[PDB]
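Chains A, B, C, D, E and F, in that order, give the protein sequences. Okay, so the first sequence: first residue is 364 according to the UniProt record's numbering, each after it adds one. Okay, so the second sequence: first residue is 368 according to the UniProt record's numbering, each after it adds one. Okay, so the third sequence: first residue is 370 according to the UniProt record's numbering, each after it adds one. Okay, so the fourth sequence: first residue is 55 according to the UniProt record's numbering, each after it adds one. Okay, so the fifth sequence: first residue is 57 according to the UniProt record's numbering, each after it adds one. The sixth sequence lines up with residues 22 to 28, 57 to 361 when you count with the UniProt record's numbering.
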Amino acid sequence: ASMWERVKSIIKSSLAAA
Amino acid sequence: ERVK
Amino acid sequence: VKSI
Amino acid sequence: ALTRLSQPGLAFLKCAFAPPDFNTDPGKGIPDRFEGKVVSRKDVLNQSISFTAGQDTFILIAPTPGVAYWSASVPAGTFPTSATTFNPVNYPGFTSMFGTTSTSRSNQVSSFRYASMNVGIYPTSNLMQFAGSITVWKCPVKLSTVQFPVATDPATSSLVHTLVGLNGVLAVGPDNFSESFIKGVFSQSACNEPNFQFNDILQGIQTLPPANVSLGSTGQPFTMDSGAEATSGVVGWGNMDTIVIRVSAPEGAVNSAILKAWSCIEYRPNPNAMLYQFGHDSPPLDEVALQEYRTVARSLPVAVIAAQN
Amino acid sequence: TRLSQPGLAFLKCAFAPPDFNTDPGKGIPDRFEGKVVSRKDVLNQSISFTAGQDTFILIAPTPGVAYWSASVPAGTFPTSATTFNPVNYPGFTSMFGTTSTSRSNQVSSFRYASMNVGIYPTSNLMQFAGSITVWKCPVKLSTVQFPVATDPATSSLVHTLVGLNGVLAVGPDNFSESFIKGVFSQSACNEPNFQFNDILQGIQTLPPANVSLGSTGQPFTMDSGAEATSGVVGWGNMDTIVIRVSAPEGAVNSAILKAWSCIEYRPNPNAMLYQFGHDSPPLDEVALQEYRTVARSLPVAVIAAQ
Amino acid sequence: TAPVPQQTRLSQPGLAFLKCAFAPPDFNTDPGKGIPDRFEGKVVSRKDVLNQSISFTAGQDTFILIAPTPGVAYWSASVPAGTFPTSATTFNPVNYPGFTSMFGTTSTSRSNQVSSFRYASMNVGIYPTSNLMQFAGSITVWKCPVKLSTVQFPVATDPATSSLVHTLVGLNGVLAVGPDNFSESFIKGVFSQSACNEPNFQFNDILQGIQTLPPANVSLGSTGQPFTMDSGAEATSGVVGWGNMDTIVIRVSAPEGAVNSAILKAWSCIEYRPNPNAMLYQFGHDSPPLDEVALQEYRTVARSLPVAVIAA
RNA sequence: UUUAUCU
């Protein structure tokens, strides 16, 4: 897994979690 | 406008 | 404390 | 999710967490509640390095404008002694923006604000003679002063800048990443302040402690040499947790590697500064960008493998 | 949407001429709600220009001081030899005592709400001549260290102003206009959020006496004068305003000058003014975004009579 | 002429955090992850509590204050009845238990345990142990907007120079009795809290080498400060940083021929950036995520709370 | 009608 995907992974993860 |  |  | 953020607050995010991936990241600056003309310049430094065998060479990534990193070599198995001195490695074009004398630093621009700190390490050795390990932790260093009395006629107590959270450097921090040299490593640093503030530029500071000042009198563990005032120099101290990197080179080792630095940074131009032509006002604040920056900064490992930059 | 009246009165003194707005506004609508005191400061004064000389004026975030003016020969910029004198808003002496070591008694810290300045020409059609141009320099207050050879030898530090340099040459973007059309201008916050700046003791001149100007790095000197008459209290987070004013020699240039900035201070319990102070107004998100938006919106300066 | 062309469910940490600010030390409230700081950085919070039982020299108005400075619980100054502080009188440090462990013995090595500390709350309490007819006098309190500044001046020397050092401002509002205060019969004791001085919870850097203030070799006249500060032995105590907190001011008038004996509690929650090397570094957790409910509550409570309250 | 993004 690349870096922009360890980044965009916690983005749709924290933005979806709420 | 700019005054209110 | 804890009024409102 | 990603369709919620403003477009300026995105080039800002790429410049912050994943600068390596998009070959070009001008960025639109920080979506801060504050909008004013400012210039967003991203720094990139490429450096090929050879490590002294039998010696742990230490590296420092501090939020100092114009200079990407500091280094010193110390015998293996040991940490920096008070006698050890560090040297800087400017970012391409340092001379251009901060003049030649410590008295010229401020003319190019007045203040700065750090966006990101990005570091890369790429093993450039053969798999047969490479040996050793890379260790990393982040140190919360801040810049401040210390006043001590001096006997002159009449006697007075001069007060000067000193650095705190320094000694944290000697021991391998609890929160760290450790791995075999060959895998190399990438990592970044986030703002250590609740809000992003503008730190002013500092003049006349070639080295710390400054001349005529005895070390330890500062309480600081070691010395920082900017060197010639014309060659290099120290401008300011960003609110960024400085990153620390140790490289253990077991004796008889053949360890070399390429190094890359991504410092997304914003300054404010002076009208006489010819650079002012490309200044674009700080993009309007975008609430989610600020949530994401904070959120992801907190979710990221201290460091990661080189192959996974 | 709808905002509160304290966050509106604040918007008004900051962006409405001092003709329309009479009240300074209970305070700045921010997180902070501790005991503060707002005082809108207005300096009214008529002045005539030295003929044949180009006079430069600066509106700096220095409390109790309207501006700093000095004159240089036509078409030339400030040189190491030139120095600026400040003009005090009324009753300055009244709150910053008489000596530099007496600035802290009345109040302990501050921050600027807005900083506005204007010019209404008096000259008649046949006598007036020249131009007035304007740009804003992002000036900050820094500190500079250097070695000193005494026995024993040591390295002392001294306050210095950075961004000082931008003043020599006119800004890439500016308000260039005929002296007869006058001008109105304003300065806004230089930081994302509003922070309190402590008061400054013992500062009268910069570079301070006993300090070579070369070592300081700044282009020109600044003298407050006698501790009694004036003084340098503090340096707010606000871009500074620069203004050149060409005065052709065969000419008569008369004009009125208004300069008012609303501002907030932290009264000292002892202080004889502590009683007027009210608590800082509650947070107002609508007004903050509007303050920032109108800031980016307004031009460098506008023609007078507008 | 041609015209020119110009081109109700606040996160649990703000539940434990808000309780740090206005909840007594008997509630045994915990420090919590920290402040709902926008910042998520690594920090270790600590609740400092100090109990001091003391007697008051009668006929002497003892003036005490709470220091926004870490490591010291309060400062004590004493003077004749009806009199105020003077250029002659100096204040004595009275550090929190275990001070020496975090700042070491030398004034220069104050920095190593931690780089910077940000204040959470600052509270103080007084309880009287005096019987009914043996006690006398009154207590009076007001808060002060004391900030750490710096003064610049030139002292002739060859070569001549302008050395400048730290000087505290707002000490002038320390002599006269504040307009907004709480005054009561010594016996009724008193309780009080302090709020954040600024809207931002920025980290105040830790300083070194400051033992006395005005620092040595400097006239108290050339500093502007009303009186002196005893750093005390450098190894016993020192002042590292100045918190952006309103400083509290309490004085107790001891009329002649009266014995006043009462205990004293002082606590405060703080967050510090742990040194990588430090032992303390291993307890540290992250500054809890930014919560808007608690951040606005902390401020609404500051304006609602009276200057001081009865002991009971 | 023309020349930096998101699935």
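Cβ atoms here follow ideal geometry from the backbone N, Cα and C, with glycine treated the same way.
Exposure of residue i, with buried meaning 16 or more beta-carbon neighbours within 10 Å
i                      : result
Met171 of chain D      : buried
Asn180 of chain D      : exposed
residue 382 of chain E : No answer is possible for residue 382 of chain E: it lies beyond the span of chain E, which begins at 57 and ends at 362.
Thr132 of chain F      : exposed
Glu341 of chain D      : exposed
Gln260 of chain D      : buried
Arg369 of chain B      : exposed
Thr272 of chain D      : buried
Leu256 of chain D      : buried
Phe71 of chain E       : buried
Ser353 of chain F      : exposed
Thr106 of chain F      : exposed
Below-7 Å beta-carbon distance, residue i vs any chain E residue
i                 : result
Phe202 of chain D : no
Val298 of chain D : no
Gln27 of chain F  : yes
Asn100 of chain D : no
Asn253 of chain D : no
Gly131 of chain F : no
Proximity test, Cβ basis, 7 Å: residue i and chain D
i                 : result
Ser377 of chain A : yes
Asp86 of chain F  : yes
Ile259 of chain F : yes
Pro117 of chain F : no
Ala311 of chain E : no
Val195 of chain F : no
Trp124 of chain E : no
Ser198 of chain E : yes
Residue-chain proximity (residue i, chain F), Cβ-Cβ < 7 Å
i                 : result
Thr138 of chain D : no
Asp295 of chain E : no
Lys91 of chain D  : no
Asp279 of chain E : no
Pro142 of chain E : no
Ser165 of chain D : no
Range covered by the alpha helix (DSSP H) that runs through residue i
i                 : result
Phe66 of chain E  : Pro62 to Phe71
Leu217 of chain E : Element bounds for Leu217 of chain E: not the alpha helix (DSSP H) but the beta strand (DSSP E), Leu213 to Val218.
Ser179 of chain E : Run containing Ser179 of chain E: none; DSSP gives neither H nor E here.
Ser353 of chain E : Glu341 to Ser353
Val239 of chain F : Where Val239 of chain F is concerned, there is no enclosing alpha helix (DSSP H), although the beta strand (DSSP E) it sits in stretches over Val239 to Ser243.
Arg369 of chain A : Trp367 to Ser377
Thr149 of chain F : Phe148 to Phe152
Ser160 of chain F : It is not in any alpha helix (DSSP H) - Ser160 of chain F carries neither H nor E in the DSSP assignment.
Host beta strand (DSSP E) of residue i (start-end)
i                 : result
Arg95 of chain D  : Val93 to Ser104
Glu320 of chain F : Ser310 to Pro323
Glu233 of chain F : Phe231 to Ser234
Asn144 of chain D : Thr139 to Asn144
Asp110 of chain D : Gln109 to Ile115
Closer than 7 Å to chain A by CB, residue i
i                 : result
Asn363 of chain D : yes
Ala55 of chain D  : yes
Contact test: residue i Cβ vs the ligand SAM heavy atom, cutoff 6 Å
i                 : result
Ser102 of chain F : This structure lacks the ligand SAM, and indeed carries no ligand of any kind.
Near-chain C residues of the segment 62-82 of chain F (beta-carbon distance less than 8 Å), N- to C-terminal order: Answer set for the segment 62-82 of chain F: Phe71 and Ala72.
Chain C contacts made by the segment 330-360 of chain F, where a contact means CB separation under 8 Å: Taking 8 Å as the upper bound on Cβ-Cβ separation, chain C lies near residues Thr349, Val350 and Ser353 of the segment 330-360 of chain F.
Chain D contacts from the segment 219-249 of chain E (Cβ-Cβ distance under 9 Å): For the segment 219-249 of chain E, residues whose beta-carbon sits nearer than 9 Å to a beta-carbon of chain D comprise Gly219, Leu220, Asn221, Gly222, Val223, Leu224, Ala225, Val226, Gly227, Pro228, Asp229, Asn230, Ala244, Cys245, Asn246, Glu247, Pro248 and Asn249.
Beta strand (DSSP E) runs wholly inside the segment 256-310 of chain E, at least 3 long, in chain order: Counting whole runs of 3 or more residues, the segment 256-310 of chain E contains the beta strand (DSSP E) stretches 277-279 and 296-301.
Proximal residues, the segment 206-218 of chain E versus chain D, C-beta separation under 8 Å: Per Cβ criterion, the list reads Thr206, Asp207, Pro208, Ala209, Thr210, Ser211, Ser212, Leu213, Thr216 and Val218.
Residues of the segment 181-192 of chain F whose Cβ lies closer than 8 Å to any Cβ of chain E, in chain order: Listed in chain order, the positions of the segment 181-192 of chain F with a beta carbon within less than 8 Å of a beta carbon of chain E are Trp191 and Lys192.
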